[PDB]
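Asker: My questions will all concern the structure given below.
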Amino acid sequence: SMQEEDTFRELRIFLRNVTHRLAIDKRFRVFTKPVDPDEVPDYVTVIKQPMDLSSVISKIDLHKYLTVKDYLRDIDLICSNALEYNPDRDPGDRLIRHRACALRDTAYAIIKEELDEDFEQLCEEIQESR
Ligand SMILES: Cc1c[nH]c(=O)[nH]c1=O
């Protein structure tokens, strides 16, 4: 229905805004674009499902997220990929893991404060009906 399409458009607007706020945070610069294979040649071999905030925006725009839960799975993926690819005690790895955890926690915190639970429940119910 057109009311349903209006719901999903509102979702997309909300998600772009959260994603923009994450993307402009200097701590998260490393997560804003896909990994450069020149710079990191084995990345695309080790990490099976690369994700980054530019790709998140492309997916919002492609109507691939019908719920905040689906969006959060991709935020989670950005984080788990970083924990998997940089697991060492070395300070570079530890820095990127900290930042990955901060990205995830920040996204969850924004969503906890700003997403109405009934809005999300509506999205989920429309999704389940299709
Ligand atoms: C996204 C990313 C970039 N560079 C790295 O060394 N590791 C990563 O996980």
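How things are named: the first chain in the structure tokens is A, the next is B, and so on; residues count from 1 in each chain; ligands count from 1 in the order shown.
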For residue A:19, list every protein, DNA or RNA residue within 10 Å, evaluated using only C-alpha atoms, and leave out those in the same chain fewer than 3 positions away; present the list as a VMD selection string.
Answerer: chain A and resid 13 to 16 22 to 24 32 53 to 54 56 to 57 60 71 75 107
Asker: Could you turn the residues from that selection into a file that holds N, CA and C atoms, as a PDB file, in the first residue's frame?
Answerer:
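Contents of again_39.pdb, as written:
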ATOM      1  N   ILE A  13      14.984   7.418   5.273  1.00  0.00           N
ATOM      2  CA  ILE A  13      15.439   8.726   5.732  1.00  0.00           C
ATOM      3  C   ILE A  13      16.151   8.641   7.083  1.00  0.00           C
ATOM      4  N   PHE A  14      15.536   7.921   7.991  1.00  0.00           N
ATOM      5  CA  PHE A  14      16.117   7.703   9.326  1.00  0.00           C
ATOM      6  C   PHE A  14      17.465   7.019   9.215  1.00  0.00           C
ATOM      7  N   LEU A  15      17.556   5.962   8.395  1.00  0.00           N
ATOM      8  CA  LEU A  15      18.816   5.228   8.259  1.00  0.00           C
ATOM      9  C   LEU A  15      19.934   6.023   7.620  1.00  0.00           C
ATOM     10  N   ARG A  16      19.605   6.828   6.623  1.00  0.00           N
ATOM     11  CA  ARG A  16      20.619   7.693   5.980  1.00  0.00           C
ATOM     12  C   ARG A  16      21.178   8.674   7.001  1.00  0.00           C
ATOM     13  N   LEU A  22      27.458   8.593  11.568  1.00  0.00           N
ATOM     14  CA  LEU A  22      28.562   7.686  11.757  1.00  0.00           C
ATOM     15  C   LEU A  22      29.729   7.984  10.789  1.00  0.00           C
ATOM     16  N   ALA A  23      29.397   8.234   9.524  1.00  0.00           N
ATOM     17  CA  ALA A  23      30.390   8.490   8.500  1.00  0.00           C
ATOM     18  C   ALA A  23      31.200   9.762   8.688  1.00  0.00           C
ATOM     19  N   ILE A  24      30.644  10.805   9.310  1.00  0.00           N
ATOM     20  CA  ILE A  24      31.402  11.994   9.549  1.00  0.00           C
ATOM     21  C   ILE A  24      32.261  11.969  10.828  1.00  0.00           C
ATOM     22  N   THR A  32      34.442   3.947   6.185  1.00  0.00           N
ATOM     23  CA  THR A  32      33.555   4.717   5.322  1.00  0.00           C
ATOM     24  C   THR A  32      33.531   4.234   3.858  1.00  0.00           C
ATOM     25  N   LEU A  53      30.351   1.736   5.330  1.00  0.00           N
ATOM     26  CA  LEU A  53      29.267   2.709   5.386  1.00  0.00           C
ATOM     27  C   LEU A  53      28.821   3.271   4.009  1.00  0.00           C
ATOM     28  N   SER A  54      29.705   3.338   3.005  1.00  0.00           N
ATOM     29  CA  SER A  54      29.261   3.777   1.671  1.00  0.00           C
ATOM     30  C   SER A  54      28.345   2.715   1.067  1.00  0.00           C
ATOM     31  N   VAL A  56      26.588   0.627   2.822  1.00  0.00           N
ATOM     32  CA  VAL A  56      25.344   0.755   3.593  1.00  0.00           C
ATOM     33  C   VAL A  56      24.423   1.790   2.954  1.00  0.00           C
ATOM     34  N   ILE A  57      24.944   2.956   2.640  1.00  0.00           N
ATOM     35  CA  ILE A  57      24.121   3.981   1.990  1.00  0.00           C
ATOM     36  C   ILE A  57      23.574   3.475   0.645  1.00  0.00           C
ATOM     37  N   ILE A  60      20.650   1.226   1.431  1.00  0.00           N
ATOM     38  CA  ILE A  60      19.477   1.978   1.824  1.00  0.00           C
ATOM     39  C   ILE A  60      18.745   2.427   0.557  1.00  0.00           C
ATOM     40  N   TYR A  71      19.217  -3.385   8.897  1.00  0.00           N
ATOM     41  CA  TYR A  71      20.308  -2.416   8.886  1.00  0.00           C
ATOM     42  C   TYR A  71      21.399  -2.754   9.914  1.00  0.00           C
ATOM     43  N   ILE A  75      25.661  -3.166  10.109  1.00  0.00           N
ATOM     44  CA  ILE A  75      26.541  -2.478  11.098  1.00  0.00           C
ATOM     45  C   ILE A  75      27.331  -3.523  11.903  1.00  0.00           C
ATOM     46  N   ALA A 107      25.938   3.260  16.938  1.00  0.00           N
ATOM     47  CA  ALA A 107      24.764   3.032  16.069  1.00  0.00           C
ATOM     48  C   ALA A 107      23.608   2.537  16.929  1.00  0.00           C
TER      49      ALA A 107
END
Asker: Pick out the residues no farther than 10 Å from ligand 1, counting only C-alpha atoms and all ligand atoms, and list them as a ChimeraX atom specification.
Answerer: /A:28-37,39-40,43,47,50-52,78-87,92-93,96-97,100
Asker: Output N, CA and C atoms for every residue in that selection, as a short mmCIF file (atom, residue, chain, number, x, y, z; two decimals), in the first residue's frame.
Answerer:
data_model
loop_
_atom_site.label_atom_id
_atom_site.label_comp_id
_atom_site.auth_asym_id
_atom_site.auth_seq_id
_atom_site.Cartn_x
_atom_site.Cartn_y
_atom_site.Cartn_z
N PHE A 28 35.71 6.82 12.63
CA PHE A 28 35.15 5.79 11.77
C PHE A 28 35.53 5.91 10.33
N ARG A 29 36.48 6.81 10.05
CA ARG A 29 36.92 7.00 8.68
C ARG A 29 37.28 5.72 7.97
N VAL A 30 37.94 4.82 8.68
CA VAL A 30 38.41 3.58 8.09
C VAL A 30 37.22 2.70 7.59
N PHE A 31 36.04 2.91 8.16
CA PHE A 31 34.84 2.12 7.80
C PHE A 31 33.98 2.82 6.73
N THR A 32 34.44 3.95 6.18
CA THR A 32 33.56 4.72 5.32
C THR A 32 33.53 4.23 3.86
N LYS A 33 34.55 3.49 3.47
CA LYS A 33 34.69 3.05 2.11
C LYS A 33 35.17 1.63 2.14
N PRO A 34 34.94 0.89 1.06
CA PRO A 34 35.52 -0.43 0.95
C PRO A 34 37.05 -0.39 1.06
N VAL A 35 37.63 -1.51 1.44
CA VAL A 35 39.06 -1.63 1.59
C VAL A 35 39.71 -1.61 0.20
N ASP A 36 40.81 -0.87 0.10
CA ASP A 36 41.51 -0.72 -1.16
C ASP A 36 42.37 -1.98 -1.35
N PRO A 37 42.08 -2.77 -2.40
CA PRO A 37 42.82 -4.03 -2.59
C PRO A 37 44.31 -3.82 -2.85
N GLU A 39 46.05 -1.48 -1.26
CA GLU A 39 46.56 -1.31 0.08
C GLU A 39 46.47 -2.61 0.88
N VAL A 40 45.36 -3.34 0.77
CA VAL A 40 45.18 -4.59 1.53
C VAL A 40 44.75 -5.72 0.59
N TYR A 43 42.51 -8.85 1.70
CA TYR A 43 41.31 -8.59 2.48
C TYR A 43 40.12 -9.38 1.89
N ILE A 47 38.01 -11.86 4.26
CA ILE A 47 36.72 -11.39 4.64
C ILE A 47 35.74 -11.66 3.49
N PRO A 50 32.48 -8.30 2.82
CA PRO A 50 32.94 -6.94 3.16
C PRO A 50 31.77 -6.01 3.34
N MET A 51 31.85 -5.08 4.29
CA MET A 51 30.79 -4.10 4.41
C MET A 51 31.42 -2.80 4.87
N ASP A 52 30.81 -1.69 4.50
CA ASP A 52 31.34 -0.39 4.89
C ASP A 52 30.17 0.56 4.78
N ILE A 78 30.13 -4.88 9.75
CA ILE A 78 31.28 -3.98 9.67
C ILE A 78 32.16 -4.23 10.90
N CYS A 79 31.52 -4.33 12.04
CA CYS A 79 32.24 -4.59 13.30
C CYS A 79 32.88 -5.97 13.36
N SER A 80 32.12 -7.03 13.08
CA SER A 80 32.69 -8.36 13.22
C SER A 80 33.82 -8.59 12.20
N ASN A 81 33.68 -8.06 10.98
CA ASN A 81 34.73 -8.15 10.01
C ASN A 81 36.04 -7.53 10.59
N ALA A 82 35.94 -6.37 11.23
CA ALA A 82 37.12 -5.73 11.77
C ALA A 82 37.73 -6.54 12.89
N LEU A 83 36.90 -7.17 13.72
CA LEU A 83 37.40 -7.99 14.84
C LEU A 83 38.09 -9.23 14.30
N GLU A 84 37.52 -9.80 13.24
CA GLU A 84 38.09 -11.00 12.57
C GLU A 84 39.38 -10.70 11.82
N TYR A 85 39.39 -9.65 11.02
CA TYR A 85 40.55 -9.35 10.22
C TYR A 85 41.74 -8.78 11.01
N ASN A 86 41.50 -8.15 12.16
CA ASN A 86 42.55 -7.51 12.94
C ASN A 86 42.51 -8.04 14.38
N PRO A 87 42.90 -9.31 14.60
CA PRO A 87 42.67 -9.94 15.89
C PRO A 87 43.89 -9.86 16.82
N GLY A 92 47.89 -1.28 16.31
CA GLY A 92 47.06 -1.01 15.12
C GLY A 92 45.73 -1.81 15.10
N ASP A 93 45.86 -3.11 15.34
CA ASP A 93 44.70 -4.00 15.47
C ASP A 93 43.84 -3.62 16.64
N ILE A 96 41.80 -0.40 15.71
CA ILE A 96 40.72 -0.61 14.78
C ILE A 96 39.58 -1.42 15.42
N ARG A 97 39.89 -2.39 16.28
CA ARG A 97 38.86 -3.13 17.03
C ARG A 97 38.07 -2.20 17.96
N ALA A 100 35.80 -0.15 15.86
CA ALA A 100 34.72 -0.98 15.35
C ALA A 100 33.66 -1.18 16.42
#
Asker: Between atom CA of residue A:108 and atom CA of residue A:12, what distance in Å does the model show, to one decimal?
Answerer: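 Computing the Euclidean distance for atom CA of residue A:108 and atom CA of residue A:12 yields 16.5 Å.
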Asker: Can you tell me, as a ChimeraX atom specification, which residues in stretch 8-108 of chain A count as helix (DSSP H, G or I) by DSSP?
Answerer: /A:8-23,26-31,43-46,53-61,68-85,91-108
Asker: Can you pull out every residue within 12 Å of residue A:8, counting only C-alpha atoms, but drop anything in the same chain fewer than 3 positions away, and send it as a compact mmCIF listing (two decimals) with N, CA and C atoms, in the first residue's frame?
Answerer:
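So the final result, stored in result_30.txt, reads:
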# COMPACT_ATOMS: atom_id res chain seq x y z
N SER A 1 0.83 -1.22 0.00
CA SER A 1 0.00 0.00 0.00
C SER A 1 0.86 1.27 0.00
N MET A 2 0.26 2.39 -0.37
CA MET A 2 1.00 3.63 -0.35
C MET A 2 1.38 4.04 1.07
N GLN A 3 0.54 3.76 2.07
CA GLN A 3 0.94 4.04 3.47
C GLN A 3 2.16 3.23 3.84
N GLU A 4 2.21 1.96 3.40
CA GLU A 4 3.38 1.13 3.62
C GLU A 4 4.63 1.69 2.95
N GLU A 5 4.51 2.12 1.70
CA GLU A 5 5.66 2.75 1.04
C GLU A 5 6.17 4.02 1.77
N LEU A 11 11.70 5.11 7.04
CA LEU A 11 12.81 4.30 7.44
C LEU A 11 14.10 4.66 6.72
N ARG A 12 14.06 4.75 5.39
CA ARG A 12 15.25 5.11 4.66
C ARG A 12 15.84 6.44 5.06
N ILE A 13 14.98 7.42 5.27
CA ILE A 13 15.44 8.73 5.73
C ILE A 13 16.15 8.64 7.08
N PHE A 14 15.54 7.92 7.99
CA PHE A 14 16.12 7.70 9.33
C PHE A 14 17.46 7.02 9.21
N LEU A 15 17.56 5.96 8.39
CA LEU A 15 18.82 5.23 8.26
C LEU A 15 19.93 6.02 7.62
N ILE A 60 20.65 1.23 1.43
CA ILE A 60 19.48 1.98 1.82
C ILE A 60 18.75 2.43 0.56
N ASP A 61 19.51 3.04 -0.34
CA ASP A 61 18.98 3.59 -1.57
C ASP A 61 18.40 2.56 -2.52
N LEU A 62 18.90 1.33 -2.45
CA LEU A 62 18.39 0.24 -3.25
C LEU A 62 17.19 -0.40 -2.57
N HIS A 63 16.70 0.16 -1.46
CA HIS A 63 15.53 -0.45 -0.74
C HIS A 63 15.81 -1.86 -0.18
N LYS A 64 17.02 -2.11 0.23
CA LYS A 64 17.38 -3.42 0.68
C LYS A 64 17.08 -3.56 2.17
N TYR A 65 16.87 -2.46 2.90
CA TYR A 65 16.57 -2.59 4.34
C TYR A 65 15.09 -2.25 4.52
N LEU A 66 14.30 -3.21 4.96
CA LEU A 66 12.91 -2.94 5.32
C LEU A 66 12.67 -2.78 6.82
N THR A 67 13.73 -2.99 7.60
CA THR A 67 13.65 -2.84 9.05
C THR A 67 14.98 -2.32 9.58
N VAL A 68 14.95 -1.75 10.80
CA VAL A 68 16.19 -1.38 11.49
C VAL A 68 17.02 -2.58 11.84
N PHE A 119 7.38 2.09 15.50
CA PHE A 119 7.74 2.30 14.10
C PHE A 119 8.48 1.06 13.59
N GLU A 120 9.49 0.61 14.33
CA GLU A 120 10.17 -0.59 14.00
C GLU A 120 9.23 -1.80 13.93
N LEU A 122 6.05 -1.86 13.24
CA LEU A 122 5.34 -1.71 11.97
C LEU A 122 6.13 -2.18 10.75
N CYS A 123 7.38 -1.74 10.65
CA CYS A 123 8.25 -2.14 9.57
C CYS A 123 8.36 -3.65 9.49
N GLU A 124 8.57 -4.28 10.64
CA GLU A 124 8.75 -5.72 10.74
C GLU A 124 7.46 -6.45 10.30
N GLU A 125 6.32 -5.90 10.68
CA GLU A 125 5.04 -6.51 10.34
C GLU A 125 4.73 -6.38 8.84
N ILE A 126 5.10 -5.26 8.21
CA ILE A 126 4.95 -5.08 6.78
C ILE A 126 5.89 -6.08 6.08
N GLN A 127 7.16 -6.12 6.50
CA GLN A 127 8.17 -7.08 5.96
C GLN A 127 7.66 -8.52 5.99
Asker: Which residue gives the smallest distance to residue A:27 among A:7, A:121, A:129, A:106, with only C-alpha atoms counted?
Answerer: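 Among the listed residues, A:106 lies closest to residue A:27.
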